[PDB]
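Have a look at the structure below, then the notes.
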Amino acid sequence: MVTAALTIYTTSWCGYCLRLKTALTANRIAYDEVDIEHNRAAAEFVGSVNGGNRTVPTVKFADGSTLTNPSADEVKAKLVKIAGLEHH
C-alpha cells in the first residue's frame with residue numbers, strides 16, 4: 001500500500017527529531033512517526049539499530065529495513081526505489 005513509507009522512531013527530547021522533520025517536509029516526504037519511549041517494542045528496535053544506544057532517530061521503511069538518522073536525500077534515494085515511480 002506504501003502508505004507507511006517510513007516510520008520515524010524518535011523521542012521528543014531528541015536533538016535531531018525536529019531537524020530531520022524539516023528536511024523531510026522540504027522534500028514533501030510522506031512519513032509516519034511514533035514516539036519510542038511510549039512504544040517499548042519500538043524503543044527496543046530503534047535502540048538496537050541505533051548508534052550503540054537509543055539517542056538518534058531512525059527510519060523504518062516500507063521494506064522493513066531501517067536507516068539510522070539519515071538526511072532527506074538519503075531517505076528519498078531509498079524510498080523512491082521501494083515505491084516505484086522511477087521507471088517507465
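For the C-alpha cells, the naming scheme is as follows: chains receive sequential letters (A, B, ...) according to their order of presentation, residues are indexed from 1 within each chain, and ligands are indexed from 1 in presentation order.
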Inset, instruction - Would you list, as a PyMOL selection string, the residues of chain A that end up in alpha helix (DSSP H) under DSSP run on this structure's backbone? - result: chain A and resi 17-25+40-49+72-83
Legend entry - strand (DSSP E) residues, from DSSP on the backbone, in chain A, as JSON, numbers by chain: {"A": [6, 7, 8, 9, 10, 32, 33, 34, 35, 58, 59, 60, 61, 66, 67, 68]}
Could you give me, as a compact mmCIF listing (two decimals) with N, CA, C and O atoms, in the first residue's frame, the residues within 12 Å of residue A:40, counting only C-alpha atoms and dropping anything in the same chain fewer than 6 positions from it?
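To be explicit, this is the file written out as part_19.txt:
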```
# COMPACT_ATOMS: atom_id res chain seq x y z
N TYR A 9 11.16 6.67 14.20
CA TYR A 9 11.33 6.35 15.57
C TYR A 9 12.23 7.40 16.19
O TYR A 9 13.38 7.56 15.76
N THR A 10 11.71 8.14 17.15
CA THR A 10 12.47 9.17 17.81
C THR A 10 11.80 9.52 19.14
O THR A 10 10.67 9.08 19.41
N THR A 11 12.50 10.25 19.95
CA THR A 11 11.97 10.82 21.14
C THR A 11 11.67 12.28 20.85
O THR A 11 12.21 12.85 19.88
N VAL A 34 6.14 7.59 15.35
CA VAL A 34 5.70 7.12 16.62
C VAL A 34 6.82 7.37 17.63
O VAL A 34 8.00 7.27 17.28
N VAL A 46 14.59 0.37 17.73
CA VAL A 46 15.40 1.53 17.36
C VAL A 46 16.69 1.58 18.17
O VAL A 46 17.73 1.91 17.63
N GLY A 47 16.64 1.17 19.43
CA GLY A 47 17.82 1.15 20.26
C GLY A 47 18.83 0.12 19.78
O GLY A 47 20.03 0.28 20.00
N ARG A 54 20.01 4.07 22.35
CA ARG A 54 18.90 4.96 21.98
C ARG A 54 19.29 6.46 22.13
O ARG A 54 19.47 6.98 23.25
```
Inset, instruction - For residue A:18, please output as a ChimeraX atom specification all residues within 12 Å (counting only C-alpha atoms; exclusion window: fewer than 6 positions along the same chain). - result: /A:8,10-12,24-25,33,56-57,69
Those residues you just picked out, can you put them in a file as a PDB file, in the first residue's frame with C-alpha atoms?
```pdb
ATOM      1  CA  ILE A   8      10.153   7.613  12.275  1.00  0.00           C
ATOM      2  CA  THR A  10      12.474   9.172  17.811  1.00  0.00           C
ATOM      3  CA  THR A  11      11.971  10.819  21.140  1.00  0.00           C
ATOM      4  CA  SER A  12      10.520  14.276  21.513  1.00  0.00           C
ATOM      5  CA  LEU A  24      11.599  15.735   5.067  1.00  0.00           C
ATOM      6  CA  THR A  25       8.893  18.385   4.906  1.00  0.00           C
ATOM      7  CA  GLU A  33       6.029   8.797  13.302  1.00  0.00           C
ATOM      8  CA  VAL A  56      19.262   9.190  17.372  1.00  0.00           C
ATOM      9  CA  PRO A  57      16.106   8.956  15.224  1.00  0.00           C
ATOM     10  CA  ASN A  69      19.367   9.096  11.293  1.00  0.00           C
TER      11      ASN A  69
END
```
Legend entry - Counting only C-alpha atoms, the residue of A:62, A:15, A:27, A:51 that sits nearest residue A:76: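 Distance minimum relative to residue A:76 lands on A:27.
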Spatial neighbours of residue A:71, 12 Å, only C-alpha atoms, chain gap at least 5 places, as a JSON list (two decimals) with N, CA and C atoms, in the first residue's frame:
```json
[["chain", "number", "residue", "atom", "x", "y", "z"],
["A", 16, "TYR", "N", 17.94, 15.69, 17.00],
["A", 16, "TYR", "CA", 17.76, 15.57, 15.56],
["A", 16, "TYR", "C", 16.32, 15.42, 15.10],
["A", 17, "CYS", "N", 15.39, 15.25, 16.03],
["A", 17, "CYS", "CA", 13.99, 15.00, 15.66],
["A", 17, "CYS", "C", 13.43, 16.12, 14.77],
["A", 19, "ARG", "N", 15.00, 18.51, 13.47],
["A", 19, "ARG", "CA", 15.96, 18.85, 12.42],
["A", 19, "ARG", "C", 15.56, 18.10, 11.16],
["A", 20, "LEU", "N", 15.37, 16.81, 11.34],
["A", 20, "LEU", "CA", 15.04, 15.90, 10.27],
["A", 20, "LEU", "C", 13.62, 16.13, 9.73],
["A", 21, "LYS", "N", 12.68, 16.48, 10.62],
["A", 21, "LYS", "CA", 11.28, 16.76, 10.22],
["A", 21, "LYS", "C", 11.24, 17.82, 9.14],
["A", 22, "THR", "N", 12.00, 18.86, 9.35],
["A", 22, "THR", "CA", 12.05, 19.98, 8.46],
["A", 22, "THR", "C", 12.63, 19.57, 7.10],
["A", 23, "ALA", "N", 13.66, 18.73, 7.13],
["A", 23, "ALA", "CA", 14.31, 18.26, 5.92],
["A", 23, "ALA", "C", 13.34, 17.42, 5.08],
["A", 24, "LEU", "N", 12.57, 16.58, 5.75],
["A", 24, "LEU", "CA", 11.60, 15.74, 5.07],
["A", 24, "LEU", "C", 10.46, 16.57, 4.50],
["A", 25, "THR", "N", 9.99, 17.51, 5.29],
["A", 25, "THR", "CA", 8.89, 18.39, 4.91],
["A", 25, "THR", "C", 9.27, 19.23, 3.67],
["A", 26, "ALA", "N", 10.52, 19.69, 3.62],
["A", 26, "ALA", "CA", 11.01, 20.49, 2.50],
["A", 26, "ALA", "C", 11.11, 19.66, 1.21],
["A", 27, "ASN", "N", 11.08, 18.36, 1.35],
["A", 27, "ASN", "CA", 11.14, 17.46, 0.22],
["A", 27, "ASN", "C", 9.81, 16.77, 0.02],
["A", 29, "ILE", "N", 8.22, 14.74, 1.78],
["A", 29, "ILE", "CA", 8.26, 13.32, 2.06],
["A", 29, "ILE", "C", 7.15, 12.93, 3.04],
["A", 57, "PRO", "N", 17.29, 9.42, 15.93],
["A", 57, "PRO", "CA", 16.11, 8.96, 15.22],
["A", 57, "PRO", "C", 16.47, 7.89, 14.19],
["A", 58, "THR", "N", 15.55, 7.04, 13.89],
["A", 58, "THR", "CA", 15.77, 6.01, 12.92],
["A", 58, "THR", "C", 14.51, 5.84, 12.09],
["A", 59, "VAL", "N", 14.66, 5.62, 10.81],
["A", 59, "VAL", "CA", 13.51, 5.44, 9.95],
["A", 59, "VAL", "C", 13.39, 3.99, 9.52],
["A", 76, "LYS", "N", 15.08, 9.77, 0.50],
["A", 76, "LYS", "CA", 14.42, 9.87, -0.82],
["A", 76, "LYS", "C", 14.99, 8.85, -1.76],
["A", 77, "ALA", "N", 16.31, 8.73, -1.73],
["A", 77, "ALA", "CA", 17.05, 7.82, -2.58],
["A", 77, "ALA", "C", 16.61, 6.38, -2.38],
["A", 78, "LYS", "N", 16.31, 6.01, -1.15],
["A", 78, "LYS", "CA", 15.93, 4.65, -0.88],
["A", 78, "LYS", "C", 14.44, 4.47, -1.15]]
```
Legend entry - Residue nearest residue A:31 among A:14, A:55, A:2, A:48 (counting only C-alpha atoms):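 Looking at the shortest contact to residue A:31, the residue is A:2.
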Legend entry - d(atom CA of residue A:68, atom CA of residue A:28) in Å: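 Taking atom CA of residue A:68 as the start and atom CA of residue A:28 as the end point, the length is 20.0 Å.
Nearest residue to residue A:65 among A:83, A:1, A:30, A:6 is A:6, counting only C-alpha atoms.
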